[PDB]
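Trainee: Need coordinates for the following:
(3 chains, ligands or ions: 2)
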Amino acid sequence: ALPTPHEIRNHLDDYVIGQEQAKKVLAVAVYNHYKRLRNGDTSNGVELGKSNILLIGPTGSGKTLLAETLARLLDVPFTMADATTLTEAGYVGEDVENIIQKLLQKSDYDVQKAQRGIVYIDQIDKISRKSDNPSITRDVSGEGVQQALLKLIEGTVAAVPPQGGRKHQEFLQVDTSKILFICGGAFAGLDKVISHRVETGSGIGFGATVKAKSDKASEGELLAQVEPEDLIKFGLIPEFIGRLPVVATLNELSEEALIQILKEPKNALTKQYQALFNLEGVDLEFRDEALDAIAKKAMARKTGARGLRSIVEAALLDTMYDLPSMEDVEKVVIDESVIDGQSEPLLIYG
Amino acid sequence: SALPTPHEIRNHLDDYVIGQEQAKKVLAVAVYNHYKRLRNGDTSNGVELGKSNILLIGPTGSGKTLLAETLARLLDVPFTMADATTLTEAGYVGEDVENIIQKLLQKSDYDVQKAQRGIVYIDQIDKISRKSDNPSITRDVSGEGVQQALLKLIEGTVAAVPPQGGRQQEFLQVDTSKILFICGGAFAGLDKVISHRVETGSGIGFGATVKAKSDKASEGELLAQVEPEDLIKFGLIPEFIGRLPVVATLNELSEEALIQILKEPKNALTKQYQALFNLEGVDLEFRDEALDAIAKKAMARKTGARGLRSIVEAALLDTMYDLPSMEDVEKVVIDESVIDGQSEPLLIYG
Amino acid sequence: XXXXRXXX
Ligand SMILES: Nc1ncnc2c1ncn2[C@@H]1O[C@H](COP(=O)(O)OP(=O)(O)OP(O)(O)=S)[C@@H](O)[C@H]1O
Ligand SMILES: Nc1ncnc2c1ncn2[C@@H]1O[C@H](COP(=O)(O)OP(=O)(O)OP(O)(O)=S)[C@@H](O)[C@H]1O
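Mentor: Numbers count the residues shown, from 1 in each chain, chains lettered A, B, ... in the order given. Ligands and ions are numbered 1, 2, ... in the order given. Shown next is the structure:
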């Protein structure tokens, strides 16, 4: 039979931690995509609507991770394109149509199986207009990209070179009214725009309020209050946002979340390094006293989960540089002190 | 199938580099661990093995570009040195990010399976660090935009490269999740931003302490205290730094280190001139008294090892100009006075 | 084909 939101969410939890609201949106969309296509031409409520998804969150939150993990369990075709390389009006870079062409490579040129596929885009913020007002001069990597996607998302015919071609004499028609699009990107600087709109203080006098330094505009609580009008001041056009009604607000990694990300997931960094030394005939250990200490260092970097290797590799630099030369080494232990740099990791010999 | 060890490869780089013990350890661990991730053929329990790029930072002429060059000699896997000054945001006339890949295939003989396990090096990365406030007024084609494009290139993607530029209208897909990147560029002005974070005070008031020159920060030590948040003020994006967790800080040249550079390395400038006159049938000598004077003159120039030839060639100009015309000259001696310019270099007659 | 000409 078909899957369910509880079953699909249980799978994503194995690879993703600390994202409750984000998993709910993707589960309903995927669970609803099978319903729309299955009911196509068989339900009296013809011309079923569509609802794309627009993910938003800080860096290292798991946006690109969800698209990869989703393809593992997803049956229908899936792709991972990028907005940065697209170019409007057939310029030097690739065109919008190239997105559909990549889908056929994974679908084996199955048009009937390609129309029911899913599409994902990363780094959507790169095409945002730098200024709120429309640019006076033409743009090749901004607003124009949004314009070309309008007819694509809603639904339009497309040209795809079947084999051994770039441009014009064989074109395969593929509708796009039923194709799903999952756009995502960490919009930088959006916190400043929402503060002007939400705080509204903008004053120095007695009556005006002066928020106490460092106890305001928490990124997690600020993105939750986002609205489409906020994105207009960022640079996006309202016509583009109208094509993506659904919006998902993620949260920044909690200190407790980082401890779980290194233990509960299967692809955690702790398990990765453990396998790196497993082939070397050497074990590894990571006590809880060291994990909680690493969380404070990571959050200070404000880079996300991806800024964790700098704390680990900087500590195990000396150890890894000398471990291969050493012999009769069966186990390595890294206590909390090693992380601070005031001690050296203990070694166990056979 | 016995692979090299960090101690063995470090001995090779030590022959060509001096006083970079901190930087050599990072390259050794990365190159060592790069073969381990390559050795695996999906026969291990660990999945989605992590990657760890490197970010080299150092003063001018400290030897950053030299480490990558000598590394490629002893390296079996391919290697490249792609200039980043000419990189432009994809979608524009000047350049594309794809060009880097095409270079890698020329070295690997268009071996996709062999190119994916290659190494990549980038120089002059500070050239694209935009120093400005949020750029609402204009969009930069070489600054912030280029860095965003690189994000897709790293952490895993599929690109398009012509088959040697095209004799077809077809491209080859090459993953880059396993490809390592070593970005490096002397960040000018990074000391001023770090000083504000570490000095903590202006000191125009009665209570505030003032140590203008007694406690003035040392440039060498200061770079050791760098962090990702410091780079955000410089112009780098957090998304870009997260892809490069490891960081390598290099120390400035010292009077003692400069003397070793002229004697221990095989490619030293002293040995270069020794061979220049060997073809002419004349011997060359360099006493220790002259080396100590050259070190003091080079440090004042604030240029590093690259600013040493100006001290040598400016002194031996007159001597080289009339050396071929002279006959029966078999040996030349350069005294400390020669560097000062008070006297002339003694000549020997056979 | 397409000319990207811009001046600061
Ligand atoms: N929720 C999470 N649980 C576990 N690991 C995570 C999570 N989010 C991020 N990570 C780690 O961070 C790595 C990168 O995650 P990404 O999805 O690339 O983050 P990101 O926000 O998509 O980065 P962008 O979109 O390019 S700014 C993953 O490979 C994981 O190791
Ligand atoms: N440790 C060293 N030992 C010997 N010669 C060195 C050393 N470091 C630098 N040099 C000399 O400096 C030359 C250039 O070194 P580079 O690697 O270009 O320095 P750099 O830090 O890369 O400067 P940038 O980054 O290109 S501005 C080399 O060809 C050597 O002649």
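
Trainee: Next up, the contacts around residue A:278.
Mentor: B:44, B:46 (C-beta atoms under 8 Å, 6 or more residues apart in numbering or on different chains). C-beta here means a position set from N, CA and C on the backbone, and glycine is covered the same way.

Trainee: give me phi/psi at it?
Mentor: phi -60, psi -40 (degrees, to the nearest 10).

Trainee: again, but for residue A:55
Mentor: Taking degrees, to the nearest 10, you get phi -90, psi 150 for the backbone angles of residue A:55.

Trainee: From residue B:138, how far out is residue A:137?
Mentor: Relative to residue B:138, residue A:137 is positioned 10 Å away (criterion: C-beta to C-beta, to the nearest Å).

Trainee: What of residue A:21?
Mentor: Distance of residue A:21 to residue B:138, computed by C-beta to C-beta: 36 Å.

Trainee: Looking at these two now, which is surrounded by more residues?
Mentor: When residue A:21 and residue B:138 are compared for neighbours, residue B:138 comes out ahead with 14 against 11, by other C-beta atoms under 10 Å in any protein chain shown.

Trainee: Which residue comes closest to the more buried one once chain neighbours are left out?
Mentor: residue A:130 (6.5 Å; C-beta to C-beta, 6 or more residues apart in numbering or on different chains).

Trainee: OK, contacts around that neighbour?
Mentor: By C-beta under 8 Å, 6+ apart, residue A:130 lies in contact with A:142, A:235, B:135-139.

Trainee: What of residue A:232?
Mentor: When contacts are counted by C-beta under 8 Å, 6+ apart, residue A:232 is found next to A:132, A:238, A:241.

Trainee: In PyMOL, how would I select the buried members of these?
Mentor: Entered in PyMOL, the line below selects the buried ones among the contacts of residue A:232, by 16 or more other C-beta atoms under 10 Å in any protein chain shown:
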select buried, chain A and resi 241
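
Trainee: Mind checking which of the contacts of residue A:232 land in strands?
Mentor: Counting by DSSP state E, no part of those is found in strands.

Trainee: As a check, name the ranges of all helices in the stretch 201-350 of chain A.
Mentor: Listed in chain order, the helices of the stretch 201-350 of chain A (DSSP state H, counting those that start in this stretch) span A:219-223, A:228-234, A:238-242, A:255-261, A:269-278, A:288-301, A:309-315, A:317-322, A:336-340.

Trainee: Most tightly packed of those helices?
Mentor: When the helices of the stretch 201-350 of chain A are scored by mean count of other C-beta atoms under 10 Å in any protein chain shown, the highest mean neighbour count falls to helix A:309-315 (a mean of 20).

Trainee: who does it touch, helix- and strand-wise?
Mentor: helix A:269-278, helix A:288-301, helix A:336-340 (3 or more C-beta pairs under 8 Å, 6 or more residues apart in numbering or on different chains; DSSP states H and E).

Trainee: rerun that using 7 Å as the cut-off
Mentor: Applying 3 or more C-beta pairs under 7 Å, 6 or more residues apart in numbering or on different chains; DSSP states H and E, one finds that helix A:309-315 makes contact with helix A:288-301.

Trainee: The helix it packs on and chain B, are they touching?
Mentor: Yes - Helix A:288-301 lies within reach of chain B by C-beta under 7 Å from any C-beta of the partner chain, at residue A:301.

Trainee: Is there any residue in that helix that contacts ligand 1?
Mentor: No - contact of helix A:288-301 with ligand 1 (C-beta under 6 Å from any ligand atom) is absent, the minimum separation being 11.1 Å.

Trainee: now the angle from that helix to helix A:269-278?
Mentor: 120 degrees (axes from the mean of the first three to the mean of the last three C-alpha atoms, to 10 degrees).

Trainee: which other helices and strands contact helix A:288-301?
Mentor: Helices and strands touching helix A:288-301, as assessed by 3+ C-beta pairs under 7 Å, 6+ apart, comprise helix A:255-261, helix A:309-315, helix A:336-340.

Trainee: quick check, the shortest one touching chain B?
Mentor: No - contact of helix A:336-340 with chain B is not found when judged by C-beta under 7 Å from any C-beta; the minimum separation is 14.8 Å.

Trainee: Now do stretch A:301-309: everything it contacts.
Mentor: A:58-61, A:253, A:261, A:269, A:298, B:50, B:52, B:227-229, B:238, B:241-243, B:245 (C-beta atoms under 7 Å, 6 or more residues apart in numbering or on different chains).

Trainee: which stretch of helix or strand covers the closest residue to chain C within chain A?
Mentor: At 3.7 Å from chain C, residue A:91 is the closest residue in chain A, using C-beta to the nearest C-beta. Residue A:91 belongs to no helix or strand when assigned by DSSP states H and E.

Trainee: And for residue A:193?
Mentor: Counting by DSSP H and E, residue A:193 is part of helix A:190-198.

Trainee: Tell me which residues touch the nearest residue in space to residue A:32 that is not next to it in sequence, please.
Mentor: Spatial nearest neighbour of residue A:32, excluding adjacent residues (C-beta to C-beta, 6+ apart): residue A:51 at 7.7 Å. By C-beta under 7 Å, 6+ apart, residue A:51 lies in contact with A:29, A:245-246.

Trainee: ok, now residue A:259?
Mentor: With C-beta under 7 Å, 6+ apart, residue A:259 has these contacts: A:291-292, A:295.

Trainee: Kindly recompute the last result at 10 Å.
Mentor: Contacts for residue A:259 (C-beta atoms under 10 Å, 6 or more residues apart in numbering or on different chains) come out as A:17, A:288, A:291-292, A:294-295.

Trainee: Kindly report the same for residue A:327.
Mentor: Counting by C-beta under 10 Å, 6+ apart, residue A:327 has contacts A:349-350.

Trainee: rewinding a little: just put the contacts of residue A:232 in TSV and tack on distance to residue A:180.
Mentor: Shown next, in TSV, are the contacts of residue A:232 (distance: C-beta to C-beta, whole Å):
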residue	distance to residue A:180
A:132	30
A:238	21
A:241	17
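
Trainee: and of the contacts of residue A:232, the nearest to residue B:220?
Mentor: Closest approach to residue B:220 among these (C-beta to C-beta): residue A:132, at 44.9 Å.

Trainee: Excluding chain neighbours, what is closest to that closest one?
Mentor: residue A:233 (4.9 Å).

Trainee: now the residue in the stretch 151-300 of chain A that chain B sits nearest to: how far from ligand 1?
Mentor: Nearest residue of the stretch 151-300 of chain A to chain B: residue A:275, at 3.1 Å (C-beta to the nearest C-beta). Distance from residue A:275 to ligand 1, counting by C-beta to the nearest ligand atom, to the nearest Å: 15 Å.
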